[PDB]
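For reference, the chain that follows is the form deposited in one PDB entry, supplied as structure tokens.
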């Protein structure tokens, strides 16, 4: 009656509250909550990024536009000349050449008190690579730089003889990309690169900031290469599927031949523009499990040099921010909270449950 009814009410209230708490915990585990731990991991060997050093886009280029005007065309219609038998799109995109052979990058690491800065010229030297911006040079930046001092830079240089044989370049475009993803160089160097003047010797400082996202069912992260591969394939195919044609331009990898018709070359170029502008939205990939963020700030330099193009990139800060989205609510945590709630709104343990099971088996 009274007593039994109230006892049943209380017991059912206890089970109801425990079940509601456990259900909320279970629903919390299904949607993995994520927190971020940010620490500064000082490393002695800095992983230098792979600098891309492009000229300004053909339209904004000085020397290439000068050649196009010499042939008698305006700053726009240089693709109305490629299928001319000798210009051979390869030789059109060789007219954007802003760097000459002598390009070489050194890797100064220390400072020394007798000799001076440790000039180490055996580091991976730069190679010329085609890009939407034209014909650039990619800085491999392969081996790591042993950070010792605030004077730890790679000094790119080019001693192109600047005699009055033809007008000479005004500025270049610098983009700091990651080791071996080919879409960063050949496509995204006209957008994400800094336009800086070669008239005077210009420097940089780079502080590295790394964001890491954990694998998670409702927000997955792919490794370094797989995102690059998916994005590059998307960009190359939709150029084809958005130009509704079949041919390529130097910045594309050798799938098909080189557009033996100017209208199709223009279609490819325009589709490239349209897809590169907004491949973040149209794509279906997500940021890597790592995310390098180079905080590139400028500086003045300590000495002049009569060199056509000069460039320093300082890495004086060896403490790198490391954000790491991580697993904050594990399955062990769920089981422990379930145990806590069943032992807090009750007296049930993992020994009483087995004891009742034993009683069931008589």
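Positions refer to the first chain, counted from 1. We call the rigid core whatever largest set of C-alpha positions still superposes within 1.5 Å between the two forms.
Although not depicted, the form deposited in another entry is the subject of the following passage.
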* Taking the rigid core as reference, which of 215, 111, 283, 209 is displaced at the C-alpha by at least 2 Å between this form and the one not shown? -> 111
* Asked: Just checking, between this form and the one not shown and with the core aligned, does residue 255 shift 2 Å or more at the CA?
  -> no
* To do: Take the rigid core as the frame of reference and indicate whether the C-alpha of residue 127 shifts by 2 Å or more between this form and the one not shown.
  => no
* Align on the rigid core first; then say whether the Cα of residue 83 has moved by at least 2 Å between this form and the one not shown. => yes
